[PDB]
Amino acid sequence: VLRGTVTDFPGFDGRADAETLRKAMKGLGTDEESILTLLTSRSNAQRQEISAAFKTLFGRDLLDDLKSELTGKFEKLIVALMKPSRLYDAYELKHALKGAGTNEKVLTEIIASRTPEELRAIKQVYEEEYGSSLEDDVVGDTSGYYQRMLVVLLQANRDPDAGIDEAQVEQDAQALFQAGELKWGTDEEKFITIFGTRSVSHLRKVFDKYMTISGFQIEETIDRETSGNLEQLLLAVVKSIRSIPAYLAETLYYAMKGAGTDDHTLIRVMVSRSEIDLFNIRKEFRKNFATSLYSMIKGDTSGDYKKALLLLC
């Protein structure tokens, strides 16, 4: 069952909260600790009510005020909290597509881990907000089978979980076996349909059967955690069919491991999942990585940015 770490604050008063925030901002400087503790303990819907209340009481726009007063990764994190939950994934998608080049990592990550229902809603908001079709901007920025696989997934049309046709489980585990042995370089079209179109429970049975045929897990054969956009996507889909919290816990782990931090991914997964499954991601993190998410964040981040992330966690 999915559990998030941010819920609605009981006893919420949008007006009183807008006043605290005004007082924190107003005058020389800023009180970041006041902003930080309030906005991490109100849900996203309550933050939208605070923005509305701030504007009725003061005629000032709350988010421009926050962008004025805050700086750096803390500012980026607060701005991300303030994005309406329904617009945020579409916002991240638009910013990976836009401009020169493209950030394929955010593309793989959101399209492979969002459910068909989330994707239909995202496609809708993206159009409404940006005028173009998510699909046309994706096609405009990606090439090859990576492009094809993304479009397949963007159709939000996986089969229903019902007819476990074990003959087609058999059949599909064979195709993937043969494809794995050829390093996913030969019959792309066959396996893009299997990974994009089958039901989640069919593909779980297919992944079990693959292992019984080969002796190893299917991600062993696709395991190049770098280099090759299609392979990175195949890996994100296999991982998300098994468990979307486990896959998102893993991208968090790799955002902090080594020199530096991928603060954009750390902010994106912490914020986008705070009210969906961040608790499940936490449990998966500890289980698969033998460290709690809190402790890795704490050693990897500093200042008010750290304080706010630890309160979200």
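Each residue number is its position in the shown sequence, starting from 1.
Looking at 203 to 211 and 111 to 119 together, the entry lists the larger mean B-factor for 203 to 211, computed on C-alpha atoms. Two stretches are in play, 29 to 37 and 263 to 271, and the higher mean C-alpha B-factor belongs to 29 to 37. Comparing the C-alpha B-factors of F74, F195, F177, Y145 in the entry, the top value falls on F177. Each of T251, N288, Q46, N280 has a CA temperature factor in the record; the biggest one is found at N288. When the CA B factors of the chain's modelled residues are split into thirds, the value for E104 lands in the middle one. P10: CA B factor in the middle third of modelled residues in this chain (values from the PDB entry). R60 sits in the lowest third of its chain by CA B factor, as recorded in the PDB entry.
Placement of the Cα temperature factor of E231 within the chain: middle third of the modelled residues, per the deposited record. Annotation for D304: CA B-factor lies in the middle third of the chain's modelled residues.
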